[PDB]
Every structure is written in structure tokens, then in C-alpha cells.
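Structure data (mmCIF, C-alpha atoms) from coords-v3.cif:
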```cif
data_start
#
loop_
_atom_site.label_atom_id
_atom_site.label_comp_id
_atom_site.auth_asym_id
_atom_site.auth_seq_id
_atom_site.Cartn_x
_atom_site.Cartn_y
_atom_site.Cartn_z
CA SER A 1 0.00 0.00 0.00
CA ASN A 2 3.05 2.29 -0.24
CA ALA A 3 4.91 3.80 -3.17
CA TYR A 4 7.59 1.64 -4.83
CA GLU A 5 6.81 -1.21 -2.43
CA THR A 6 6.98 -4.04 -4.98
CA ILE A 7 7.97 -7.69 -5.32
CA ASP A 8 10.53 -8.47 -8.00
CA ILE A 9 10.38 -11.49 -10.31
CA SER A 10 13.31 -12.85 -12.32
CA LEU A 11 11.55 -14.88 -15.00
CA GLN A 12 13.88 -16.38 -17.59
CA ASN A 13 14.91 -14.18 -20.51
CA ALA A 14 13.62 -16.79 -22.98
CA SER A 15 13.38 -20.56 -23.35
CA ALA A 16 13.98 -20.89 -27.09
CA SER A 17 16.45 -23.28 -28.73
CA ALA A 18 19.20 -20.94 -27.51
CA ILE A 19 19.06 -22.14 -23.88
CA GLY A 20 21.30 -24.96 -22.71
CA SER A 21 24.87 -25.49 -21.48
CA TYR A 22 26.57 -22.10 -21.14
CA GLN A 23 29.87 -23.91 -21.39
CA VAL A 24 32.87 -24.41 -23.67
CA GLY A 25 34.59 -26.59 -21.09
CA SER A 26 38.17 -26.68 -22.42
CA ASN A 27 40.55 -26.30 -25.37
CA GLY A 28 37.85 -25.06 -27.74
CA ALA A 29 37.38 -21.36 -27.06
CA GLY A 30 39.76 -19.22 -29.10
CA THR A 31 42.86 -21.43 -28.93
CA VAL A 32 43.54 -24.96 -27.74
CA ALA A 33 45.18 -25.51 -24.36
CA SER A 34 48.85 -26.41 -23.89
CA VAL A 35 48.60 -29.29 -21.39
CA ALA A 36 44.90 -30.21 -21.42
CA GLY A 37 44.15 -32.62 -24.25
CA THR A 38 47.82 -32.53 -25.26
CA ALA A 39 50.96 -34.54 -24.53
CA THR A 40 53.47 -32.61 -22.42
CA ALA A 41 56.92 -33.14 -20.93
CA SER A 42 56.50 -31.33 -17.60
CA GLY A 43 52.74 -31.90 -17.45
CA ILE A 44 50.18 -29.92 -15.50
CA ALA A 45 51.90 -27.02 -13.73
CA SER A 46 51.18 -25.46 -10.36
CA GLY A 47 49.09 -22.34 -9.77
CA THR A 48 45.43 -21.44 -9.39
CA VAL A 49 42.43 -21.08 -11.69
CA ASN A 50 39.85 -18.41 -10.90
CA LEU A 51 36.24 -19.53 -11.44
CA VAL A 52 33.78 -16.68 -10.92
CA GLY A 53 30.05 -17.18 -11.40
CA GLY A 54 26.71 -17.35 -9.62
CA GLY A 55 27.56 -14.90 -6.86
CA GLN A 56 30.15 -17.08 -5.15
CA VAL A 57 33.78 -16.61 -6.19
CA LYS A 58 36.30 -19.45 -5.95
CA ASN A 59 40.07 -19.69 -6.30
CA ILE A 60 40.79 -23.45 -6.54
CA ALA A 61 44.53 -24.00 -6.96
CA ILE A 62 45.77 -26.82 -9.19
CA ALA A 63 49.14 -28.22 -8.13
CA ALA A 64 51.69 -29.52 -10.60
CA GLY A 65 51.59 -33.12 -11.79
CA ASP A 66 47.88 -33.37 -10.98
CA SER A 67 45.97 -35.70 -13.32
CA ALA A 68 42.99 -34.47 -15.32
CA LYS A 69 40.71 -36.19 -12.80
CA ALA A 70 42.25 -34.04 -10.06
CA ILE A 71 41.12 -30.81 -11.77
CA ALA A 72 37.85 -32.61 -12.50
CA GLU A 73 36.93 -33.04 -8.83
CA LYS A 74 38.57 -29.84 -7.55
CA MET A 75 36.86 -27.45 -9.98
CA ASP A 76 33.59 -29.31 -9.32
CA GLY A 77 31.42 -28.95 -6.22
CA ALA A 78 31.60 -25.52 -4.56
CA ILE A 79 30.53 -23.48 -7.60
CA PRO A 80 26.70 -23.54 -7.68
CA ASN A 81 25.16 -25.43 -10.61
CA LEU A 82 28.36 -26.87 -12.04
CA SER A 83 29.31 -30.39 -13.14
CA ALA A 84 32.61 -31.78 -14.39
CA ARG A 85 33.74 -34.57 -16.71
CA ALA A 86 37.18 -36.04 -17.51
CA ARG A 87 38.49 -38.11 -20.42
CA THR A 88 41.93 -38.90 -21.88
CA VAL A 89 40.99 -40.36 -25.27
CA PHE A 90 44.10 -40.54 -27.45
CA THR A 91 45.36 -42.42 -30.50
CA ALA A 92 48.65 -44.15 -31.25
CA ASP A 93 50.45 -45.78 -34.18
CA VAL A 94 53.63 -47.86 -33.98
CA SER A 95 55.72 -47.42 -37.13
CA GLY A 96 59.33 -47.16 -38.24
CA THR B 1 67.13 -40.12 -29.01
CA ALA B 2 63.98 -40.38 -26.90
CA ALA B 3 61.35 -37.65 -27.03
CA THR B 4 60.51 -35.17 -24.26
CA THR B 5 56.71 -34.89 -24.13
CA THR B 6 55.53 -38.02 -22.30
CA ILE B 7 52.75 -36.90 -19.91
CA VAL B 8 49.59 -37.45 -21.97
CA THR B 9 46.75 -35.53 -20.32
CA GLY B 10 43.23 -35.33 -21.71
CA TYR B 11 40.60 -32.61 -21.65
CA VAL B 12 38.81 -31.53 -18.47
CA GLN B 13 35.72 -30.15 -20.20
CA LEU B 14 33.16 -29.53 -17.47
CA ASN B 15 29.55 -28.35 -17.70
CA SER B 16 27.48 -25.54 -16.19
CA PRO B 17 23.86 -24.52 -16.86
CA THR B 18 24.33 -20.96 -15.59
CA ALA B 19 26.98 -18.47 -16.74
CA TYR B 20 30.52 -18.98 -15.43
CA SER B 21 33.84 -17.19 -15.96
CA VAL B 22 37.37 -18.65 -15.85
CA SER B 23 40.55 -16.62 -15.45
CA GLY B 24 44.08 -17.42 -14.33
CA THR B 25 47.45 -15.84 -13.64
CA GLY B 26 49.89 -16.32 -16.51
CA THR B 27 49.77 -19.77 -18.09
CA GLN B 28 47.80 -21.52 -15.31
CA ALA B 29 44.52 -21.00 -17.17
CA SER B 30 45.74 -21.35 -20.77
CA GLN B 31 47.31 -24.75 -20.06
CA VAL B 32 43.85 -25.99 -19.05
CA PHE B 33 41.23 -24.02 -21.03
CA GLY B 34 43.34 -21.95 -23.41
CA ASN B 35 41.94 -18.66 -24.64
CA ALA B 36 38.59 -19.44 -22.97
CA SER B 37 37.54 -16.37 -20.99
CA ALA B 38 33.97 -16.46 -19.71
CA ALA B 39 31.50 -18.98 -21.12
CA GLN B 40 29.47 -20.00 -24.16
CA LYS B 41 25.77 -20.63 -24.87
CA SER B 42 26.03 -23.80 -27.02
CA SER B 43 22.89 -22.57 -28.83
CA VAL B 44 21.37 -26.04 -28.90
CA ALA B 45 19.53 -26.42 -32.20
CA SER B 46 22.44 -28.17 -33.99
CA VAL B 47 22.22 -31.26 -31.74
CA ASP B 48 23.31 -33.48 -34.66
CA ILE B 49 21.86 -36.35 -32.65
CA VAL C 1 34.60 -6.04 -29.19
CA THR C 2 37.77 -5.94 -31.28
CA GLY C 3 39.74 -9.11 -30.58
CA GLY C 4 38.85 -9.95 -26.99
CA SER C 5 36.42 -9.06 -24.22
CA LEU C 6 35.97 -6.56 -21.40
CA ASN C 7 37.34 -8.22 -18.27
CA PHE C 8 36.25 -5.57 -15.78
CA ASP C 9 34.71 -5.48 -12.30
CA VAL C 10 31.60 -3.96 -10.73
CA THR C 11 31.65 -2.55 -7.19
CA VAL C 12 28.10 -2.81 -5.84
CA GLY C 13 28.47 -0.92 -2.58
CA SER C 14 30.53 -2.83 -0.03
CA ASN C 15 31.23 -6.03 -1.96
CA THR C 16 32.73 -6.09 -5.45
CA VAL C 17 31.75 -8.29 -8.40
CA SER C 18 34.52 -9.92 -10.44
CA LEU C 19 32.78 -10.61 -13.76
CA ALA C 20 34.69 -11.13 -17.02
CA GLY C 21 34.24 -11.97 -20.70
CA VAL C 22 31.86 -9.23 -21.86
CA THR C 23 31.34 -9.17 -25.63
CA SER C 24 27.61 -8.46 -26.01
CA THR C 25 24.76 -7.12 -23.90
CA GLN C 26 23.53 -10.67 -23.32
CA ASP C 27 26.84 -11.60 -21.68
CA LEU C 28 26.68 -8.81 -19.10
CA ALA C 29 22.97 -9.54 -18.64
CA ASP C 30 23.49 -13.21 -17.76
CA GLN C 31 26.50 -12.35 -15.60
CA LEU C 32 24.35 -9.97 -13.54
CA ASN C 33 21.45 -12.43 -13.41
CA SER C 34 23.78 -15.15 -12.10
CA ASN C 35 25.52 -13.12 -9.40
CA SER C 36 22.17 -11.63 -8.27
CA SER C 37 22.59 -13.49 -4.96
CA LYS C 38 25.74 -11.61 -3.91
CA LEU C 39 25.11 -8.23 -5.58
CA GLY C 40 22.13 -6.52 -3.99
CA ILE C 41 20.98 -4.96 -7.26
CA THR C 42 18.38 -6.62 -9.48
CA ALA C 43 18.97 -6.91 -13.23
CA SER C 44 16.26 -6.62 -15.86
CA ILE C 45 17.04 -7.00 -19.58
CA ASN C 46 13.91 -6.72 -21.70
CA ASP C 47 14.15 -9.14 -24.62
CA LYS C 48 14.14 -6.10 -26.92
CA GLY C 49 17.87 -5.76 -26.29
CA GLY D 1 21.30 -36.43 3.41
CA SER D 2 24.09 -33.81 3.33
CA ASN D 3 24.94 -34.77 -0.25
CA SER D 4 21.84 -36.00 -2.10
CA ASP D 5 20.14 -32.82 -3.37
CA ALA D 6 22.50 -30.99 -5.71
CA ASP D 7 19.77 -28.31 -5.98
CA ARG D 8 21.06 -26.66 -2.80
CA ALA D 9 21.48 -23.51 -4.90
CA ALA D 10 17.75 -23.44 -5.67
CA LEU D 11 17.14 -24.25 -2.00
CA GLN D 12 19.21 -21.23 -0.96
CA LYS D 13 17.26 -19.14 -3.47
CA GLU D 14 14.05 -20.38 -1.83
CA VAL D 15 15.38 -19.45 1.61
CA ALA D 16 16.46 -16.00 0.40
CA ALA D 17 13.01 -15.44 -1.10
CA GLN D 18 11.47 -16.41 2.24
CA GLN D 19 13.84 -14.00 3.99
CA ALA D 20 12.92 -11.11 1.69
CA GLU D 21 9.24 -11.96 2.17
CA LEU D 22 9.74 -11.81 5.94
CA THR D 23 11.46 -8.44 5.57
CA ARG D 24 8.43 -7.32 3.55
CA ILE D 25 6.03 -8.53 6.26
CA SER D 26 8.08 -6.34 8.59
CA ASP D 27 7.10 -3.49 6.26
CA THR D 28 3.60 -2.90 4.78
CA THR D 29 2.27 -2.75 8.36
CA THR D 30 1.92 1.03 8.09
CA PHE D 31 -1.16 1.55 10.24
CA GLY D 32 -1.01 5.27 9.52
CA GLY D 33 2.26 5.41 7.56
CA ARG D 34 4.00 4.44 10.80
CA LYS D 35 4.92 0.77 10.18
CA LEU D 36 4.74 -1.10 13.48
CA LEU D 37 7.45 -3.77 13.44
CA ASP D 38 10.09 -2.27 11.14
CA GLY D 39 10.61 1.34 10.19
CA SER D 40 10.88 3.59 13.25
CA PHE D 41 8.89 2.61 16.35
CA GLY D 42 9.67 4.78 19.36
CA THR D 43 8.44 2.25 21.96
CA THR D 44 5.46 4.44 22.76
CA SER D 45 2.74 4.41 25.43
CA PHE D 46 -1.04 4.68 25.10
CA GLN D 47 -3.01 6.97 27.41
CA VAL D 48 -6.02 5.37 29.11
CA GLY D 49 -7.05 7.58 32.06
#
```

Step by step, read the file and then write its structure as C-alpha cells.
Amino acid sequence: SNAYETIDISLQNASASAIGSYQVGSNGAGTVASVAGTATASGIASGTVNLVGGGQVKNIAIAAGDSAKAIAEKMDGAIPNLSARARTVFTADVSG
Amino acid sequence: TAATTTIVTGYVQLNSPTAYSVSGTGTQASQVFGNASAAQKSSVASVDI
Amino acid sequence: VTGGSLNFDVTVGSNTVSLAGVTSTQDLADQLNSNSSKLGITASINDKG
Amino acid sequence: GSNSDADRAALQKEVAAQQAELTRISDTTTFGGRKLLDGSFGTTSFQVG
């Protein structure tokens, strides 16, 4: 019964065929990665990877030598509405 | 003469319905997601089921 | 956006948002809609644009 | 079950909506533009004699 006393609603922008997984995931946005999905000599290096989104801000640090599965679990969880997969599909050919 | 690159590591492509954003100091991010900066939409009409 | 995005921040009062990867209006829109929990400022993008 | 419902984000959204609704019930009680519970109540006294 007062001015500007309202209740907000945050209905979805649209639900057309443009809604889905807001996600590249790896190695496919702009340029491919250097260690992920690629054979390396030193492997995964140490450091952290900032993951901002959905209000909460995280700073999960990925140590060196960590397998892909390591990053898979670590980057998963805390961030609201986030899943994580992990695969190491590769080919080989013995010749020469 | 043996090679140098021997640690084969696959992709860590994750998934998120909402909008995320990934950044990292120096090469920490690029070695994992490359040039990837914020997110995508995936615009699912091209399912190619 | 000429070759890249706008990796900037938004200080909503006390706390500060750390968004990134802004290329179009939709990007900033979804980034605000997602972080709506933390930032005490509602976002409203009419589908007009 | 401490791990079974991954929709804890939607649950927190539900709880925040309930909290904002409670804050609204605090308001809108302006019996004379002088909202009883929230606002500014001076801990007054009614005359009877």
C-alpha cells in the first residue's frame, strides 16, 4: 500500500532453442590448451584457476603433476550449478 | 634419441547450466582451457543427434 | 569487441563483483542475473535488447 | 542427506526469497504510515485515564 513497495520477479529471458549449457569446457574457445588434451613433458603445472560465477567466487589452486581427474573433482562442487567430466581419449600408431 | 613430451593428459571439459567465468594468472589458465575467458551458450539447435 | 572481451569489475556498494568476458549485452545480462545473490541490485534486460 | 540434493542452490534461493518476504512482512504494516514492526517505532505508550 506504499509507493515503490513491490515484489521483483526474475523470469527467464527466454526458453527458445538458444538455452542450454553455457559452457565451452576446455581447449575449444579461441585457442587450444597447452597441457589439457595434449601430450606434455612437464605436465600440469602449479598455480590457481579463478572460477567466478553465480555470486560465489572461488580460487581453486591446481598443483603440478595433478591428473585431469584431479582438476575434475577440484573445480567441481563448490561453484553452484556446475558439473565436471574427464576423459583422456588418445590415438597411437607404432611405425618405423 | 627419446622424445621429451611423455605426460599425456586429456581434456577436463566440465559443464554448467548458468553463466561462469574462468581466469588465471599467466599460463595456469591457458594450459587448461586456453583462450577461454567467460562462457558459451552452445545454442542447442544443432544437436546433430 | 575488437579481438577480446571486457574483463572488468563492478563494485556494488561494499562487496565487489569480479565478472569477465563481456562481448555483447547478453553476456553482461546473464553475468548480472547469475551473481544476483551476492550483488544486492536486481537486473532486468527486456528481450528487446 | 548432506549430499543428495545438488539443488542446494535453488534451496538457498528459496530461503532468500522467504527472507525477503519476511522483511516485507516487517514493512507494509503502516497503520497510519508508521509501520509497526520495522521502520521507526519509538516504543510508545497509550493513554487510558

- Note on the structure: note - CA of residue 8 in chain A and CA of residue 40 in chain C are separated by 12.4 Å

- Query: Expressed in Å to a single decimal, how great is the separation between CA of residue 34 in chain B and CA of residue 34 in chain A?
  - Reply: 7.1 Å

- Item | chain B residues near chain C (10 Å cut-off, all atoms listed in the file) as number ranges by chain | B: 18-23, 35-41

- Can you pull out every residue within 7 Å of residue 75 in chain A, counting all atoms listed in the file, but drop anything in the same chain fewer than 3 positions away, and send it as number ranges by chain? A: 60, 71-72

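If you measure from each of A:51, A:12, A:41, A:2 to residue 43 in chain C using all atoms listed in the file, the closest one turns out to be A:12.
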
- Item | residue 48 in chain C environment, 12 Å, only C-alpha atoms, sequence neighbours closer than 4 positions dropped, as a ChimeraX atom specification | /A:13-14 /C:25-26,44

- What do you get, as a VMD selection string, if you spell out every residue that the PyMOL selection byres ((chain C and resi 37) around 12) selects here? (chain A and resid 10 53 to 57 80) or (chain C and resid 15 17 31 to 36 38 to 43) or (chain D and resid 9 to 10 12 to 17 20)

Quick one: contact table of chain D to chain A, 8 Å max, nearest atom pair and distance in Å to one decimal per residue, counting all atoms listed in the file, chain and number order, as CSV?
```
residue,atom,partner,partner_atom,distance
D:6,CA,A:81,CA,7.9
D:7,CA,A:81,CA,7.7
D:9,CA,A:80,CA,5.9
D:28,CA,A:1,CA,6.6
```

- Return the single residue from B:9, B:46, B:1, B:28 that is closest to residue 68 in chain A, with distances computed using all atoms listed in the file.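 Result for the nearest residue to residue 68 in chain A: B:9.
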
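The two atoms in question, CA of residue 10 in chain C and CA of residue 25 in chain A, are spaced 25.1 Å apart.
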
- Message: For this structure, which residues satisfy the selection - the PyMOL selection byres ((chain A and resi 26) around 9) - when it is evaluated on the file as given? I want them as a list in words.
- Response: residues 23, 24, 25, 27, 28, 29, 32, 33, 36 and 37 of chain A; 11, 12, 13, 14, 32, 33, 34 and 36 of chain B

Go ahead and dump the residues you just picked, C-alpha atoms, as a PDB file, keeping the file's coordinate frame.
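And here is the file that came out, out11.pdb:
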```
ATOM      1  CA  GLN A  23      29.870 -23.910 -21.390  1.00  0.00           C
ATOM      2  CA  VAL A  24      32.870 -24.410 -23.670  1.00  0.00           C
ATOM      3  CA  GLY A  25      34.590 -26.590 -21.090  1.00  0.00           C
ATOM      4  CA  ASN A  27      40.550 -26.300 -25.370  1.00  0.00           C
ATOM      5  CA  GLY A  28      37.850 -25.060 -27.740  1.00  0.00           C
ATOM      6  CA  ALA A  29      37.380 -21.360 -27.060  1.00  0.00           C
ATOM      7  CA  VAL A  32      43.540 -24.960 -27.740  1.00  0.00           C
ATOM      8  CA  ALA A  33      45.180 -25.510 -24.360  1.00  0.00           C
ATOM      9  CA  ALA A  36      44.900 -30.210 -21.420  1.00  0.00           C
ATOM     10  CA  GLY A  37      44.150 -32.620 -24.250  1.00  0.00           C
TER      11      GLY A  37
ATOM     12  CA  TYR B  11      40.600 -32.610 -21.650  1.00  0.00           C
ATOM     13  CA  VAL B  12      38.810 -31.530 -18.470  1.00  0.00           C
ATOM     14  CA  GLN B  13      35.720 -30.150 -20.200  1.00  0.00           C
ATOM     15  CA  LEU B  14      33.160 -29.530 -17.470  1.00  0.00           C
ATOM     16  CA  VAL B  32      43.850 -25.990 -19.050  1.00  0.00           C
ATOM     17  CA  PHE B  33      41.230 -24.020 -21.030  1.00  0.00           C
ATOM     18  CA  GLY B  34      43.340 -21.950 -23.410  1.00  0.00           C
ATOM     19  CA  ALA B  36      38.590 -19.440 -22.970  1.00  0.00           C
TER      20      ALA B  36
END
```
